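First structure 1, then structure 2: two forms of the same chain, each alone, as structure tokens.
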Structure 1
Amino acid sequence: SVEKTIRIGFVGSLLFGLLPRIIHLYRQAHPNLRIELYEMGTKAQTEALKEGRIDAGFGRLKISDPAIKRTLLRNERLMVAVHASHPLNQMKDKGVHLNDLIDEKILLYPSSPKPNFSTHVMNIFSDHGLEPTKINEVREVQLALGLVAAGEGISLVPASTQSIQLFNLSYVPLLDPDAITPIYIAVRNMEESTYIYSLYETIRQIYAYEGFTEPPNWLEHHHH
């Protein structure tokens, strides 16, 4: 039965955060439902939603398209991943600011088409008249972390990346209040299905276990 299927797209690195918990609870509440999961970048999720290849997309930025709509789930703090012997690691307990990083070799990611996660990272530098002088782009966050640990530079990464711990890799807090990164759930620009409204309530439940406080105008409910 094609009607009893829900297909979900997601950026791969979100598996380091709350997404697996959400999927686990969703499956527990829906043993009847065939749930299919597809890794894809935020840009690619738009075309997949428009074409009906997926029904909801977990992404890391807003890319405006009239066929799609979205809800901001939350913002994650950014950390600076450094080698433990880097001078910046002496500020591990308290943190650093974006302006401390301008002359460092920074590893951006992913390498998938623009805009992507790295676009916002470069924007927050520009927003404050900061011009990083040494940038390299790598394939994905786990490669960036391994390179940092090998001595290749530093990288700005979501806080949930701390699920990965490597010898002599250290995560330093980034103190600028706008040094954060968004998580969105995107769907077709139409009324959500029963199954998608059910996914929204699963997210609400997981976020409540995590102690987050939701605004009034957050995830929409079904109306008459």
Structure 2
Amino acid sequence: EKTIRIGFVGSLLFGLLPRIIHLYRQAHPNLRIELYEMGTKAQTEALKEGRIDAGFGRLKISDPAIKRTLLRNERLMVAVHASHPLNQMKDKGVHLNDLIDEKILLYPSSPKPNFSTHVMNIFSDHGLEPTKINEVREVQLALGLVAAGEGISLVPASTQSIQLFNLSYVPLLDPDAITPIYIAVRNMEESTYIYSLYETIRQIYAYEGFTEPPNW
């Protein structure tokens, strides 16, 4: 009985990852699949130690023992209360510059680097450093507090899987207001089970109309 272990960050559960795992599961009925929630740093260490076989994440970790492949660039969005002035731009979209003086909710509060690191990186990439920032524990806490009137939050587009009363998602107009999705494997990885996993991603992406990830 072969076991394949897959690491992932929680922000990916709202997108294509679960259906990729499910299809992969159907292709290998006799395979034990173990799924582990972990940040990219933990993923990097687990891969080198053989504790996982593939890792899905949003942040790069510099390491010569790891091969990282960009799968897709996902859009960032602004989560606001429906009464917020920014929501008048719901159809038009807004710029990162428009958010500088807003109360921004970052998440999660788990080991760094995490999605909050990425969001502040995006701001810093665009010459911005918001001061009114509060790091909350999890995505649902960020969204729930926005819906409660506590501020605004930046989320990946797939996080629109969560819909709450008077919570509205506003597109960002900055071309590089994005959050990439990566698969990470060991440098010399050649397992047919990992190739099969990668082809499953390709199959799902093709059906969605997304650009297929680069050839294995």
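Residues are numbered by position in structure 1's sequence, first residue being 1. Think of the rigid core as the biggest set of C-alphas that the two forms share within 1.5 Å after superposition.
Superposed on the rigid core, the two forms differ between structures 1 and 2 by 2 Å or more at the C-alpha of one listed residue only; from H128, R77, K92, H97 that residue is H128. Once both forms are overlaid on the rigid core, the distance between the two CA positions of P115 between structures 1 and 2 is 2 angstroms or more.
If you overlay the core, the Cα of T213 moves by 2.1 Å between structures 1 and 2.
At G12, the distance the Cα travels between structures 1 and 2 is 1.1 Å after the core is superposed.
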